[PDB]
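Have a look at the structure below, then the notes.
Please note: Cβ atoms are built from the backbone with ideal geometry, for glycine as well, and neighbour counts cover all protein chains shown. Taken together, the values in this text are just the output of simple stated rules run on the coordinates, not laboratory data.
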Amino acid sequence: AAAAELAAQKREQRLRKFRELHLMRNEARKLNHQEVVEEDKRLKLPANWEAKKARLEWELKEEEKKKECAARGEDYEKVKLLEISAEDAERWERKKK
Amino acid sequence: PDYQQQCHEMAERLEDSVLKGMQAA
Amino acid sequence: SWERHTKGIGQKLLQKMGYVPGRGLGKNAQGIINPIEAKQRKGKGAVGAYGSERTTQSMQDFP
Amino acid sequence: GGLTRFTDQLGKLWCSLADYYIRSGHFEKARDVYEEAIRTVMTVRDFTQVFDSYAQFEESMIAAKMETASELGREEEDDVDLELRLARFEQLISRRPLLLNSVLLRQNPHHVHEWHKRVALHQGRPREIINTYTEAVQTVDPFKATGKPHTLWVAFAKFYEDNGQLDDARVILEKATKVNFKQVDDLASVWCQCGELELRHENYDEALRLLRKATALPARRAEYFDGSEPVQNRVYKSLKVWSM
Amino acid sequence: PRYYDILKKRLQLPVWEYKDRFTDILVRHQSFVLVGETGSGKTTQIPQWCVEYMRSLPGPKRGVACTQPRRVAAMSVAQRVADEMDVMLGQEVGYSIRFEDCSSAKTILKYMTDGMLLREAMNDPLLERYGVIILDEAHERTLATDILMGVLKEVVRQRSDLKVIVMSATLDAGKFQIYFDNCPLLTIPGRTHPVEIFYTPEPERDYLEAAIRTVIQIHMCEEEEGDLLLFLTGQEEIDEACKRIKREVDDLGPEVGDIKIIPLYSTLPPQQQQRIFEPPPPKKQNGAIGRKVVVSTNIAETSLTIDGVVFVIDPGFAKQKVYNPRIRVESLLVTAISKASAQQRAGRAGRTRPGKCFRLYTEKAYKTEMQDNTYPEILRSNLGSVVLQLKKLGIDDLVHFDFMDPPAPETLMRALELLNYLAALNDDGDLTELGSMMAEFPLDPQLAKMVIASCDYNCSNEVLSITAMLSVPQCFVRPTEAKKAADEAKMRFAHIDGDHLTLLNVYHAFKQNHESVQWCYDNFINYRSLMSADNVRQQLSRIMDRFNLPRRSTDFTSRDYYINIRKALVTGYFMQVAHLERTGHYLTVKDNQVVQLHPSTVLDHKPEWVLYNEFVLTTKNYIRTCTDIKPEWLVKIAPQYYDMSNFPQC
């Protein structure tokens, strides 16, 4: 009795594990579909779009620093002048000249 | 799609392959 | 002229029903001879911006 | 021959080649081709096709093994054979995040974000974590790094620091300073972390000593900008290091 | 009591001063024209007096038909006139419209679509169910109404008991009078209050910008209490305008009075269409006038009266159906309106009190550039569905049949050609049994043929679902703000062989998810289109069951499942096929039109041969709802059309 029952219970748990991984395969099937269509979107978008996005995120981080100064109570232009080191402006003038 | 065409074709063909495969093995 | 790429069945069926080429349809032949052509407008400008809003063909058949 | 000729079709050809081997009754050779396919594949799109076909193959043989063990009577090797294939299917799905991440690393070994995600999957398995940091440091070219290379070094040192292996983390930081990164800011941030580590452990004299060596002037009055100079030399001017 | 309060209101309508004169003409004459401006009382009062006439006649009670070109108009006025007769809708007053029949054995007044009375005429050629038939709002000159005018001109020669009443709101009665054998005219004068007509000093360059600006300015600067009517061309343009008008008033701050924006278009459900009869909002506590603005298509141009309107905004445009027979293209285009339409628009202002009409174009342009009458729809439509209905009516002489404005003979040639190649006509041109079945479907002939012929490919369950999804608005809700989420949901149902099978996937998943409103939201599926499609499918299947057409499915696991559907599509749309030329453009069969796949397709690549449901003429020619077909099917399923002796080289 019990040995055949345990063999059936082992088979049932292994069926349930097979069913779980089958469900996980269908979950993966949904998510891989969404990710490859997200890959499709990335391919249909410009090849430089993520580099443009990286620039835009860097510009937004400059905007975040601007908002941080405004929250502290100072004009971001005035903070930046206090944070600039003069050597950068030297090089700028030489680029002009 | 070129890619998905082979996906649909081989999905049906793999099941035929598994059926004939179990007979051969 | 479009019948060169068919069996000429369109004009043939009309003629069997009594159509005379160049004439309109109806009991008193009052219909148009050529189909109405659509002129696609170039933009969203209001009436009067580009002159007369009507085509030559439309003005002749239904004044 | 077709796989060499039809370079774009490969995953489809592998599945058709596996199908031939399934019909040959060499079910193991089908698995051989699908793992070989997974190893050769370098797009997620092709990988999805191979994964789904292999899983269906795994599913079909698991079900077949369940049925045949019940019909034939369970020999101990036959029941173990079923348990293996399920565990291989358990391996397959659990390997799938790692394989997915690896495919993107095949496309760009420089992808520092995927290295962090790889470690994030390796989490709870310290040896795998340690190795993948070492592989990241070896593979990633700083000059092509998508994601800055010092961020690997910081996480690498932080992991040992979380393990309390502070002298190993210091050796990591020493090796980090030897690297000539793409930018001075990468190496400068490392030098900060050299100091900041010692601040946490209150080894303030060592922190000073490191920054003295960091600030230490070249025999030339070097520019901050001259790319022909070693990145270590350029650090002497750095605003961050001096302010710290 | 509600009847008595409706009675008090209806007795003030202009027509009631002419009731005796109406009855005197109706009893003595067989046909006559009745002209009266919109709001004079035509659609509501005239058929009730015909019921009074038809109730006093002895013998079996025949009904009264009153046609309405517009489904939205037909339903709403049937509800209203049931309230005016103090009866329940679908009892003595009912309606019958395309894909929806709400009538019974008690129905003595039925407001109906033109294309249903014409379809009833295909089954009752003398229209013996009706003792009075009322052709209302006939100045729209819709495609099925123009046919019904000729059918009734036949029946009046055969049925001296049938009365025909042609109701119009335009002064073009002379065409209607002469055509019905010099019948009398009953002119109902306006009781519209004065409408001031304003013009711009120069022509506006953006009529949509001008429309939004004029709507806001009226709401702020006009001291008269009154509702606004903005005319626009269609749904997508109204929806963006409604978003814009919302934003541009919200930025004006709290001081501006509340505006009640209400869309009114044909793809809205009845409960949302009925909302137009709600009163305007009240005046705010700061004195700012509460106003309603109805932003409508031409469905509000006729049959409807919105009480409280004082200010009309007229951009002068509408969407009209156009057919180009030389290239076999049907399309919806935005076109200018007639002076007749622009007067009717202006006369909406004068309905509840005096009012103003702001015309966004110069007064010079009004005098010399606007057309006098609106073009009949028969002059601009594919006659294929009509010729199929005409041949089913026993109208064999399609050349000398008395059309009030006859179609171009070439357009008739295209309707005969389409039906001959479909085997709906033989080579002699007589209507086959296949055609006679096709005419009973409220469908285009291509769609009708495709449903019927799909029985032999064992896929008629699927094609009937596809046809129903094609007979309703497009099912993928794709909001501009939500495109990414809508596409990603749409790609869950995308079938590789194209849009027809993608519509099949959407419809099957809809029926498998037990018509769930929430599932439609979560997958960006148009619940209302699908319920309409289910309604369409359950009635077309009842037509299939009436003609014993077997509902069949192929095995879903078979490779030939989707392939047989693709073959079945060819049986109706073999004329609407394009070949992929070597330079990567498509060339349409016989007419050689250069086309592209429409940007809403699921096809990411180009099959060598594609079948398409719709040709979309825009800034580029597109074909919409496309499916991969194999060229060796064309010469086998349609050899008469694909005879290589006459077929052009492509």
* Asked: Given the conditions (1) surrounded by 19 or more Cβ atoms within 10 Å (Cβ to Cβ); (2) in a strand (DSSP E or B), which single one is not true for E:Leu332?
  -> (1)
* Asked: Residues in the range E:540-549: is at least one outside any helix (DSSP H, G or I) and out of contact with any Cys (no Cβ under 6 Å at 6 or more places or on another chain)?
  -> yes
* Structure fact -> Residue set E:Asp534, E:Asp522; condition of a type in the set (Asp, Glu) and within 14 Å of another protein chain (Cβ to nearest Cβ); output residue E:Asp522
* Residue list for the range D:1-45, filter: away from chain B (no Cβ under 12 Å), within 29 Å of the chain's Cα centre (by Cα), part of a helix (DSSP H, G or I) and over 23 Å from D:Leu98 (Cβ atoms) -> D:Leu3, D:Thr4
* Could you tell me whether E:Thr352 is farther than 21 Å from E:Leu443 by Cα, surrounded by fewer than 20 Cβ atoms within 10 Å (Cβ to Cβ) and at the interface with chain C (Cβ under 9 Å from one of its Cβ atoms)? => no
* **Lone unmet requirement of (1) under 14 Å from the mean Cα position of the chain (by Cα); (2) more than 7 Å from every other protein chain (Cβ to nearest Cβ); (3) surrounded by 13 or more Cβ atoms within 10 Å (Cβ to Cβ); (4) part of a loop (DSSP other than H, G, I, E, B) for C:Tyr50** => (1)
* To do: Show the residue pairs that are 6+ apart or on different chains and have beta-carbon atoms under 8 Å apart, the first residue being within the range A:56-76 and among the hydrophobic types (A, V, I, L, M, F, W, C), the second being not in a helix (DSSP H, G or I).
  => A:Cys69/A:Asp75
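So that you can scan it fast, the table gives a plain yes or no per residue for (1) crowded, with 19+ Cβ neighbours inside 10 Å; (2) in contact with a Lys or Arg (Cβ under 8 Å, 6 or more places away or on another chain); (3) of a type in the set (A, V, I, L, M, F, W, C); (4) farther than 29 Å from E:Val334 by Cα:
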| position | (1), (2), (3), (4) |
| --- | --- |
| E:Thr571 | yes, yes, no, yes |
| E:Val594 | no, no, yes, no |
| E:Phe615 | yes, yes, yes, no |
| E:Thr618 | no, no, no, no |
* Out of all the residues in the range E:376-400, which are farther than 25 Å from E:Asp124 by Cα, outside any helix (DSSP H, G or I) and at the interface with another protein chain (Cβ under 7 Å from one of its Cβ atoms)? -> E:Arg380
* Being basic (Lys, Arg), part of a helix (DSSP H, G or I) and surrounded by 14 or more Cβ atoms within 10 Å (Cβ to Cβ) narrows it down to one of D:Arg74, D:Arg95, so name that one. => D:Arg95
* Test D:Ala55 against the stated conditions and say whether it is in a helix (DSSP H, G or I) and facing another protein chain (nearest Cβ under 8 Å). => yes
* Tally, over the range E:316-349, of residues that are out of contact with any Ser or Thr (no Cβ under 6 Å at 6 or more places or on another chain), more than 9 Å from chain C (Cβ to nearest Cβ) and of a type in the set (D, E, K, R) -> 5
* To do: Pick out, from the range E:142-221, the strands (runs of 3 or more DSSP E) lying fully within it that include 2 or more residues that are farther than 26 Å from E:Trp49 by Cβ.
  => E:195-199
* To do: Only residues that are over 15 Å from the mean Cα position of the chain (by Cα), within 19 Å of E:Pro442 (Cα to Cα), in a strand (DSSP E or B) and not hydroxyl-bearing (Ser, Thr, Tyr): list them for the range E:66-119, please.
  => E:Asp101, E:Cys102, E:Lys110
* **All positions within the range E:590-613 that are in contact with a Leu (Cβ under 8 Å, 6 or more places away or on another chain), more than 28 Å from E:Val477 (Cβ to Cβ) and part of a loop (DSSP other than H, G, I, E, B)** => E:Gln593, E:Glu608
* Here are E:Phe403, E:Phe358: which of them is more than 7 Å from chain C (Cβ to nearest Cβ), more than 25 Å from E:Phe615 (Cα to Cα), in contact (Cβ under 8 Å) with a residue 24 or more places away in the chain and aromatic (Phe, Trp, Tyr)? -> E:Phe358
* Asked: Residue check: is E:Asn535 surrounded by fewer than 22 Cβ atoms within 10 Å (Cβ to Cβ), in contact with a strand residue (DSSP E or B) (Cβ under 7 Å, 6 or more places away or on another chain), assigned to a helix (DSSP H, G or I) and on the phi < 0 side of the Ramachandran plot?
  -> yes
* Asked: Going through the range E:204-222 one residue at a time, which ones are among the acidic types (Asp, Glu) and either more than 31 Å from the chain's Cα centre (by Cα) or farther than 17 Å from E:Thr233 by Cβ (or both)?
  -> E:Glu222
* Tally of residues being within 9 Å of another protein chain (Cβ to nearest Cβ) and at negative phi across the range E:420-430 -> 5
* Asked: From the residues in the range C:7-30 that are more than 7 Å from every other protein chain (Cβ to nearest Cβ) and in contact with a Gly (Cβ under 9 Å, 6 or more places away or on another chain), which one is surrounded by the fewest Cβ atoms within 10 Å (Cβ to Cβ)?
  -> C:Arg23
* Asked: Looking at E:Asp161, E:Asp124, E:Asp206, E:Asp181, which is the one that is surrounded by fewer than 19 Cβ atoms within 10 Å (Cβ to Cβ) and on the phi > 0 side of the Ramachandran plot?
  -> E:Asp181
* Examine the range C:8-23 for a residue that is in contact with a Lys or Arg (Cβ under 6 Å, 6 or more places away or on another chain) and assigned to a helix (DSSP H, G or I), and state whether such a residue exists. => no
* Asked: Across the range A:81-97, which residue is nearest to A:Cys69 (Cα to Cα) among those that are within 11 Å of chain D (Cβ to nearest Cβ) and either outside any helix (DSSP H, G or I) or small (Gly, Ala, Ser) (or both)?
  -> A:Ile84
* Structure fact -> Residue pairs qualifying under the 9 Å Cβ cut-off, at least six apart or on distinct chains, with the first in the range E:178-205 being closer than 14 Å to E:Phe358 by Cβ and touching a residue at least 24 places away in the same chain (Cβ under 8 Å) and the second being of a type in the set (D, E, K, R) and in a loop (DSSP other than H, G, I, E, B), are E:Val195/E:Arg348; E:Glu204/C:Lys44
* Asked: Do the conditions hold for D:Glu83, that is, is it away from chain B (no Cβ under 11 Å), surrounded by fewer than 21 Cβ atoms within 10 Å (Cβ to Cβ) and not aromatic (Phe, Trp, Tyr)?
  -> yes
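Here's the yes/no breakdown for (1) facing chain E (nearest Cβ under 7 Å); (2) of a type outside the set (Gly, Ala, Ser); (3) surrounded by fewer than 18 Cβ atoms within 10 Å (Cβ to Cβ); (4) touching a helix residue (DSSP H, G or I) at 6+ places or on another chain (Cβ under 9 Å):
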position	(1), (2), (3), (4)
C:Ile32	yes, yes, no, yes
C:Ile36	yes, yes, no, yes
C:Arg41	no, yes, yes, no
C:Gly45	yes, no, yes, yes
C:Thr56	no, yes, yes, no
C:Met59	no, yes, yes, no
* **Matching residues, the range D:44-85, being touching a helix residue (DSSP H, G or I) at 6+ places or on another chain (Cβ under 7 Å) and polar (S, T, N, Q)** => D:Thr48, D:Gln49, D:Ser53, D:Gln56, D:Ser60
